[PDB]
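Q: Below is the file my_file-v3.csv, with CSV, C-alpha atoms.
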chain,number,residue,atom,x,y,z
V,1,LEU,CA,111.8,119.4,16.7
V,2,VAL,CA,110.9,122.0,14.1
V,3,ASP,CA,111.9,125.7,14.1
V,4,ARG,CA,109.6,128.1,12.3
V,5,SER,CA,112.0,131.0,12.8
V,6,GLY,CA,115.1,130.2,10.8
V,7,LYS,CA,116.9,131.1,14.0
V,8,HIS,CA,118.2,128.0,15.7
V,9,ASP,CA,120.5,126.0,13.5
V,10,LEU,CA,120.2,122.2,13.2
V,11,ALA,CA,123.2,121.7,15.5
V,12,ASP,CA,121.5,123.8,18.2
V,13,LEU,CA,118.3,121.7,17.9
V,14,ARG,CA,120.2,118.4,18.1
V,15,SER,CA,122.3,119.5,21.0
V,16,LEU,CA,119.1,120.6,22.8
V,17,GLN,CA,117.6,117.1,22.0
V,18,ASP,CA,120.6,115.1,23.1
V,19,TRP,CA,121.4,117.0,26.3
V,20,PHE,CA,117.9,117.9,27.5
V,21,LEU,CA,115.2,115.6,26.2
V,22,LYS,CA,117.1,112.3,26.2
V,23,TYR,CA,117.4,112.9,29.9
V,24,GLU,CA,114.0,114.3,30.6
V,25,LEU,CA,112.0,111.5,28.8
V,26,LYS,CA,114.3,108.8,30.1
V,27,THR,CA,113.2,109.2,33.8
V,28,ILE,CA,109.8,107.8,32.8
V,29,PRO,CA,109.5,104.4,34.6
V,30,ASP,CA,109.7,101.9,31.7
V,31,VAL,CA,111.1,103.9,28.8
V,32,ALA,CA,114.0,101.8,27.5
V,33,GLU,CA,115.7,104.4,25.3
V,34,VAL,CA,115.4,107.8,23.7
V,35,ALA,CA,117.2,107.8,20.3
V,36,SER,CA,118.1,110.9,18.4
V,37,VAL,CA,117.5,111.2,14.6
V,38,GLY,CA,118.8,113.8,12.2
V,39,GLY,CA,120.5,117.0,13.2
V,40,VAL,CA,124.2,117.9,13.3
V,41,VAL,CA,126.8,117.0,15.9
V,42,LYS,CA,129.0,119.9,16.7
V,43,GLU,CA,132.7,119.1,16.1
V,44,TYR,CA,136.0,120.9,16.6
V,45,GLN,CA,137.8,120.4,13.3
V,46,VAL,CA,141.5,121.2,13.1
V,47,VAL,CA,142.6,121.2,9.4
V,48,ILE,CA,146.4,120.9,9.1
V,49,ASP,CA,148.3,122.5,6.2
V,50,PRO,CA,151.0,120.1,4.9
C,1,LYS,CA,105.7,96.5,29.3
C,2,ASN,CA,102.5,98.5,28.6
C,3,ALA,CA,102.6,101.1,25.9
C,4,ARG,CA,99.5,103.2,26.6
C,5,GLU,CA,100.6,104.5,30.0
C,6,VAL,CA,104.1,105.1,28.8
C,7,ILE,CA,102.7,107.2,25.9
C,8,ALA,CA,100.5,109.1,28.3
C,9,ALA,CA,103.4,109.9,30.6
C,10,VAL,CA,105.5,111.0,27.6
C,11,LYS,CA,102.8,113.3,26.4
C,12,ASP,CA,102.3,114.8,29.8
C,13,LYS,CA,106.0,115.5,30.1
C,14,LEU,CA,106.3,116.9,26.6
C,15,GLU,CA,103.3,119.1,27.4
C,16,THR,CA,104.7,120.4,30.7
C,17,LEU,CA,108.1,121.0,29.0
C,18,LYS,CA,106.7,123.3,26.2
C,19,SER,CA,107.4,126.3,28.4
C,20,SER,CA,111.1,125.4,29.0
C,21,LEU,CA,111.9,125.2,25.2
C,22,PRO,CA,113.6,128.2,23.5
C,23,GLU,CA,111.5,130.7,21.6
C,24,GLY,CA,110.4,129.3,18.2
C,25,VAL,CA,111.1,125.6,18.7
C,26,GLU,CA,108.1,123.3,18.5
C,27,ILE,CA,107.7,119.5,19.0
C,28,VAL,CA,105.4,117.9,16.4
C,29,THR,CA,104.3,114.2,17.0
C,30,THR,CA,104.9,111.9,14.0
C,31,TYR,CA,104.2,108.3,15.2
C,32,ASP,CA,101.8,107.6,18.1
C,33,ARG,CA,100.7,104.1,18.8
C,34,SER,CA,98.1,105.2,21.4
C,35,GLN,CA,95.8,106.2,18.5
C,36,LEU,CA,95.6,102.6,17.2
C,37,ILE,CA,95.1,101.2,20.7
C,38,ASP,CA,92.3,103.6,21.4
C,39,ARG,CA,90.6,102.9,18.1
C,40,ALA,CA,90.8,99.1,18.6
C,41,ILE,CA,89.5,99.3,22.2
C,42,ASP,CA,86.6,101.5,21.2
C,43,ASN,CA,85.7,99.3,18.2
C,44,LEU,CA,85.8,96.1,20.3
C,45,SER,CA,83.8,97.7,23.1
C,46,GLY,CA,81.1,98.9,20.7
C,47,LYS,CA,81.0,95.5,19.1
C,48,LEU,CA,80.5,93.8,22.4
C,49,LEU,CA,77.7,96.3,23.4
C,50,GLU,CA,75.9,95.9,20.0
O,1,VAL,CA,109.4,131.9,38.1
O,2,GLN,CA,110.9,131.5,34.7
O,3,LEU,CA,113.1,128.6,33.7
O,4,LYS,CA,116.4,128.9,31.9
O,5,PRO,CA,117.0,126.9,28.7
O,6,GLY,CA,118.0,123.4,29.8
O,7,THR,CA,116.5,123.4,33.3
O,8,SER,CA,113.5,121.5,34.8
O,9,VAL,CA,111.7,121.3,38.2
O,10,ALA,CA,110.0,118.4,39.9
O,11,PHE,CA,108.3,117.6,43.2
O,12,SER,CA,108.5,114.6,45.5
O,13,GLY,CA,108.6,113.5,49.1
O,14,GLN,CA,106.8,111.2,51.5
O,15,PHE,CA,103.5,112.6,50.4
O,16,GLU,CA,103.9,110.7,47.2
O,17,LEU,CA,103.6,107.2,48.7
O,18,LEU,CA,100.9,108.0,51.3
O,19,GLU,CA,98.4,109.1,48.6
O,20,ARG,CA,98.9,105.6,47.2
O,21,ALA,CA,99.0,103.5,50.3
O,22,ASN,CA,95.9,105.2,51.9
O,23,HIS,CA,94.0,104.8,48.6
O,24,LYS,CA,94.7,101.0,48.5
O,25,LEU,CA,93.4,100.6,52.1
O,26,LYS,CA,90.1,102.3,51.2
O,27,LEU,CA,89.7,99.5,48.7
O,28,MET,CA,90.3,96.6,51.1
O,29,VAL,CA,88.4,97.9,54.1
O,30,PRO,CA,85.0,97.5,52.4
O,31,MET,CA,85.9,94.1,50.8
O,32,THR,CA,86.9,92.8,54.2
O,33,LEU,CA,83.6,93.7,55.8
O,34,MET,CA,81.8,92.0,52.9
O,35,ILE,CA,83.7,88.7,53.3
O,36,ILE,CA,82.9,89.0,57.0
O,37,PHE,CA,79.2,89.7,56.5
O,38,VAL,CA,78.6,86.7,54.3
O,39,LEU,CA,80.4,84.6,57.0
O,40,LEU,CA,77.9,85.9,59.7
O,41,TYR,CA,74.8,85.5,57.5
O,42,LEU,CA,75.8,81.9,56.8
O,43,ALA,CA,76.4,81.5,60.6
O,44,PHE,CA,72.9,82.7,61.7
O,45,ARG,CA,71.0,82.4,58.4
O,46,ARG,CA,69.5,85.9,59.1
O,47,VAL,CA,70.5,89.4,58.2
O,48,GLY,CA,69.4,90.9,61.5
O,49,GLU,CA,71.9,89.1,63.7
O,50,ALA,CA,74.8,89.9,61.4
Z,1,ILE,CA,73.6,70.7,42.5
Z,2,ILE,CA,70.7,72.8,41.2
Z,3,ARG,CA,68.0,72.2,43.8
Z,4,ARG,CA,70.7,72.3,46.5
Z,5,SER,CA,71.3,75.9,45.4
Z,6,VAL,CA,67.7,77.1,45.2
Z,7,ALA,CA,67.3,76.2,48.9
Z,8,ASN,CA,70.0,78.6,50.1
Z,9,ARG,CA,69.4,81.3,47.4
Z,10,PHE,CA,70.2,84.4,49.5
Z,11,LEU,CA,73.8,83.2,49.8
Z,12,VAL,CA,74.0,82.8,46.0
Z,13,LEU,CA,72.5,86.2,45.3
Z,14,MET,CA,74.9,87.9,47.7
Z,15,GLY,CA,77.8,86.1,46.1
Z,16,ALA,CA,76.6,87.1,42.7
Z,17,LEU,CA,76.4,90.7,43.8
Z,18,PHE,CA,79.9,90.7,45.2
Z,19,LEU,CA,81.2,89.0,42.1
Z,20,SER,CA,79.5,91.6,39.9
Z,21,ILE,CA,81.1,94.5,41.9
Z,22,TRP,CA,84.5,92.9,41.8
Z,23,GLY,CA,84.3,92.3,38.1
Z,24,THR,CA,83.1,95.8,37.4
Z,25,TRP,CA,86.1,97.1,39.3
Z,26,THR,CA,88.6,94.8,37.6
Z,27,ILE,CA,87.1,95.9,34.2
Z,28,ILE,CA,87.4,99.6,34.9
Z,29,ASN,CA,90.9,99.0,36.2
Z,30,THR,CA,92.4,96.8,33.5
Z,31,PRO,CA,95.3,97.6,31.1
Z,32,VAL,CA,94.7,97.9,27.4
Z,33,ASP,CA,96.7,97.2,24.2
Z,34,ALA,CA,96.2,96.7,20.5
Z,35,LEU,CA,97.9,93.3,19.8
Z,36,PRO,CA,99.9,90.9,22.0
Z,37,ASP,CA,103.7,90.6,21.8
Z,38,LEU,CA,104.4,88.5,18.8
Z,39,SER,CA,108.2,89.2,18.9
Could you spell out this file's structure in structure tokens?
A:
Amino acid sequence: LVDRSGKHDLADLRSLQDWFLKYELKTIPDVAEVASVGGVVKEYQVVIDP
Amino acid sequence: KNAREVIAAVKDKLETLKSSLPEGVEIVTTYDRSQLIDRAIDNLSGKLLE
Amino acid sequence: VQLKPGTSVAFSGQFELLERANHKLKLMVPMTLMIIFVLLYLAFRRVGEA
Amino acid sequence: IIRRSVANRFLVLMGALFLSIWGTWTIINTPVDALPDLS
């Protein structure tokens, strides 16, 4: 999944992949799996100050 | 299972999904085993005919 | 109609299976007659009677 | 075996025609692949 616009961050592309294409391409009759490679997984980081 | 029909279905779906992707994102194929299958089948059929 | 990011459409129904079933029958109706004709030709040893 | 088939040769010809049609169909409707499953 390439982006020739410098617009959609890597996290947006990986979220698109995970939550749209992993489900679209899996309904095919005999597709065992659709694995995701690269990209960034969004995370909610709470950094605590000691 | 068979790989050629699965690749055909995957390509058909990825083609009919190009309109639902956001503006600027493209899907570029990297590895495709259907090319080797087609080449081998064509070569063997031509050899039989010859 | 335009599709929102992360939305897809598909079609289905009974029409799906008929197109298959009917097709298959159009393959076995001729064959049957064939295996019947060769029974009849063997029976009278002439094409006219069959 | 041989001469017993030349006597009734129309049956043999019709069987060969049916076999050729069936085989052509099976050929045009067969799966394809590159190499068998060696795993």
Q: Residues within 6 Å of stretch 11-24 of chain V, please, as number ranges by chain. Count only C-alpha atoms; anything in the same chain fewer than 6 positions from it doesn't count.
A: V: 34, 39-41; O: 6
Q: Got time to write the residues from that selection, C-alpha atoms, as a compact mmCIF listing (two decimals), in the coordinates of the input?
A:
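Here's the written file again27.txt:
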# COMPACT_ATOMS: atom_id res chain seq x y z
CA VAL V 34 115.40 107.80 23.70
CA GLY V 39 120.50 117.00 13.20
CA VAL V 40 124.20 117.90 13.30
CA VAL V 41 126.80 117.00 15.90
CA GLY O 6 118.00 123.40 29.80
Q: Please compute the atom CA of residue V:1-atom CA of residue C:23 distance, one decimal, in Å.
A: 12.3 Å
Q: Pull out every residue of chain Z that has at least one atom within 8 Å of chain C, counting only C-alpha atoms, and report them as a PyMOL selection string.
A: chain Z and resi 31-34
Q: Quick one: everything within 10 Å of stretch 6-10 of chain C, counting all atoms listed in the file, minus sequence neighbours fewer than 6 positions away in the same chain. Send it as a PyMOL selection string.
A: (chain V and resi 24-26+28-31) or (chain C and resi 16+32-34)
Q: What residues in chain C lie within 6 Å of chain V, counting all atoms listed in the file, written as a compact mmCIF listing (two decimals) with C-alpha atoms, keeping the file's coordinate frame?
A:
# COMPACT_ATOMS: atom_id res chain seq x y z
CA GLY C 24 110.40 129.30 18.20
CA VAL C 25 111.10 125.60 18.70
CA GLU C 26 108.10 123.30 18.50
CA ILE C 27 107.70 119.50 19.00
Q: At a cut-off of 9 Å, list the chain Z residues touching chain O, using all atoms listed in the file, as a short mmCIF file (atom, residue, chain, number, x, y, z; two decimals) with C-alpha atoms, in the coordinates of the input.
A:
data_model
loop_
_atom_site.label_atom_id
_atom_site.label_comp_id
_atom_site.auth_asym_id
_atom_site.auth_seq_id
_atom_site.Cartn_x
_atom_site.Cartn_y
_atom_site.Cartn_z
CA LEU Z 11 73.80 83.20 49.80
CA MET Z 14 74.90 87.90 47.70
CA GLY Z 15 77.80 86.10 46.10
CA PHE Z 18 79.90 90.70 45.20
#
Q: Please report as JSON lines every residue of chain O lying within 10 Å of chain V, along with the nearest atom pair and their distance in Å (one decimal), using all atoms listed in the file.
A:
{"residue": "O:5", "atom": "CA", "partner": "V:16", "partner_atom": "CA", "distance": 8.9}
{"residue": "O:6", "atom": "CA", "partner": "V:20", "partner_atom": "CA", "distance": 6.0}
{"residue": "O:7", "atom": "CA", "partner": "V:20", "partner_atom": "CA", "distance": 8.1}
{"residue": "O:8", "atom": "CA", "partner": "V:24", "partner_atom": "CA", "distance": 8.4}
Q: Export stretch 8-49 of chain O from the structure block above, keeping N, CA and C atoms, as a CSV table (one decimal), in the first residue's frame.
A:
chain,number,residue,atom,x,y,z
O,8,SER,N,-18.2,-1.6,1.7
O,8,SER,CA,-18.2,-2.4,0.5
O,8,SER,C,-19.6,-2.9,0.3
O,9,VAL,N,-19.9,-3.3,-0.9
O,9,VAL,CA,-21.2,-3.8,-1.3
O,9,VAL,C,-21.0,-5.1,-2.1
O,10,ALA,N,-22.0,-6.0,-1.9
O,10,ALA,CA,-22.0,-7.3,-2.6
O,10,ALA,C,-23.4,-7.7,-2.9
O,11,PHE,N,-23.6,-8.6,-3.9
O,11,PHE,CA,-24.9,-9.1,-4.3
O,11,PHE,C,-24.9,-10.6,-4.1
O,12,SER,N,-26.1,-11.1,-3.8
O,12,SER,CA,-26.4,-12.6,-3.6
O,12,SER,C,-27.8,-12.8,-3.7
O,13,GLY,N,-28.2,-14.1,-3.4
O,13,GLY,CA,-29.6,-14.5,-3.5
O,13,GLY,C,-29.7,-15.9,-4.1
O,14,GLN,N,-30.9,-16.3,-4.3
O,14,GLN,CA,-31.2,-17.6,-5.0
O,14,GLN,C,-30.6,-17.7,-6.4
O,15,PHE,N,-30.6,-16.5,-7.1
O,15,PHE,CA,-30.2,-16.5,-8.5
O,15,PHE,C,-28.8,-17.1,-8.6
O,16,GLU,N,-28.0,-17.0,-7.5
O,16,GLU,CA,-26.6,-17.4,-7.5
O,16,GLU,C,-26.6,-18.9,-7.9
O,17,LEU,N,-27.4,-19.7,-7.2
O,17,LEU,CA,-27.3,-21.2,-7.3
O,17,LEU,C,-27.9,-21.7,-8.6
O,18,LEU,N,-29.0,-21.1,-9.0
O,18,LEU,CA,-29.7,-21.5,-10.3
O,18,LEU,C,-28.7,-21.5,-11.4
O,19,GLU,N,-28.1,-20.4,-11.7
O,19,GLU,CA,-27.1,-20.2,-12.8
O,19,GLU,C,-26.1,-21.4,-12.8
O,20,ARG,N,-25.8,-21.9,-11.6
O,20,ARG,CA,-24.9,-23.1,-11.5
O,20,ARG,C,-25.7,-24.3,-11.9
O,21,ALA,N,-26.7,-24.6,-11.1
O,21,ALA,CA,-27.5,-25.9,-11.3
O,21,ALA,C,-27.9,-26.1,-12.7
O,22,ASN,N,-28.7,-25.1,-13.2
O,22,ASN,CA,-29.1,-25.1,-14.6
O,22,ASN,C,-28.0,-25.5,-15.5
O,23,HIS,N,-26.9,-24.8,-15.4
O,23,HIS,CA,-25.7,-25.0,-16.3
O,23,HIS,C,-25.3,-26.5,-16.3
O,24,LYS,N,-25.2,-27.1,-15.1
O,24,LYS,CA,-24.7,-28.5,-15.0
O,24,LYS,C,-25.7,-29.4,-15.7
O,25,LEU,N,-27.0,-29.1,-15.6
O,25,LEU,CA,-28.0,-30.0,-16.3
O,25,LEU,C,-27.8,-29.9,-17.8
O,26,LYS,N,-27.5,-28.8,-18.4
O,26,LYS,CA,-27.3,-28.6,-19.8
O,26,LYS,C,-26.0,-29.4,-20.2
O,27,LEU,N,-25.2,-29.9,-19.3
O,27,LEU,CA,-24.1,-30.7,-19.6
O,27,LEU,C,-24.4,-32.2,-19.6
O,28,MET,N,-25.4,-32.6,-18.8
O,28,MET,CA,-25.7,-34.1,-18.6
O,28,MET,C,-27.0,-34.5,-19.4
O,29,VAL,N,-27.7,-33.6,-20.0
O,29,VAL,CA,-28.9,-33.9,-20.8
O,29,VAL,C,-28.4,-34.4,-22.2
O,30,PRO,N,-27.4,-33.8,-22.8
O,30,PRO,CA,-26.8,-34.4,-24.0
O,30,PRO,C,-26.2,-35.7,-23.8
O,31,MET,N,-25.2,-35.8,-22.9
O,31,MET,CA,-24.5,-37.0,-22.5
O,31,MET,C,-25.5,-38.2,-22.4
O,32,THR,N,-26.5,-38.0,-21.6
O,32,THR,CA,-27.6,-39.0,-21.4
O,32,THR,C,-28.0,-39.6,-22.8
O,33,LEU,N,-28.6,-38.7,-23.6
O,33,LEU,CA,-29.0,-39.1,-24.9
O,33,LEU,C,-28.0,-39.9,-25.6
O,34,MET,N,-26.7,-39.5,-25.6
O,34,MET,CA,-25.6,-40.2,-26.2
O,34,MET,C,-25.6,-41.6,-25.7
O,35,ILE,N,-25.5,-41.8,-24.4
O,35,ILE,CA,-25.4,-43.2,-23.9
O,35,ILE,C,-26.7,-43.9,-24.1
O,36,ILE,N,-27.8,-43.3,-24.4
O,36,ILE,CA,-29.0,-44.0,-24.8
O,36,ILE,C,-28.9,-44.4,-26.3
O,37,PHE,N,-28.5,-43.5,-27.2
O,37,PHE,CA,-28.4,-43.8,-28.6
O,37,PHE,C,-27.5,-45.0,-28.8
O,38,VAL,N,-26.3,-45.0,-28.3
O,38,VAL,CA,-25.4,-46.2,-28.5
O,38,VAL,C,-26.1,-47.4,-27.9
O,39,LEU,N,-27.0,-47.3,-26.9
O,39,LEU,CA,-27.7,-48.5,-26.5
O,39,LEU,C,-28.6,-49.0,-27.6
O,40,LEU,N,-29.4,-48.1,-28.2
O,40,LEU,CA,-30.4,-48.4,-29.3
O,40,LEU,C,-29.7,-48.9,-30.6
O,41,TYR,N,-28.6,-48.3,-31.0
O,41,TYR,CA,-27.9,-48.7,-32.2
O,41,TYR,C,-27.5,-50.2,-32.1
O,42,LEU,N,-26.9,-50.5,-30.9
O,42,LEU,CA,-26.4,-51.8,-30.6
O,42,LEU,C,-27.6,-52.8,-30.6
O,43,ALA,N,-28.8,-52.3,-30.1
O,43,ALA,CA,-30.0,-53.1,-30.1
O,43,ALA,C,-30.5,-53.4,-31.5
O,44,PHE,N,-30.6,-52.5,-32.4
O,44,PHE,CA,-31.1,-52.8,-33.8
O,44,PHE,C,-30.1,-52.8,-34.9
O,45,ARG,N,-28.8,-52.5,-34.5
O,45,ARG,CA,-27.7,-52.5,-35.4
O,45,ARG,C,-28.0,-51.6,-36.6
O,46,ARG,N,-28.8,-50.6,-36.5
O,46,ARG,CA,-29.1,-49.7,-37.5
O,46,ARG,C,-29.4,-48.3,-36.9
O,47,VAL,N,-29.0,-47.2,-37.6
O,47,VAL,CA,-29.2,-45.9,-37.1
O,47,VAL,C,-30.7,-45.4,-37.3
O,48,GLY,N,-31.3,-45.9,-38.4
O,48,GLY,CA,-32.7,-45.5,-38.7
O,48,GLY,C,-33.6,-45.7,-37.5
O,49,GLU,N,-33.6,-47.0,-37.0
O,49,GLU,CA,-34.5,-47.3,-35.9
O,49,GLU,C,-34.3,-46.5,-34.6
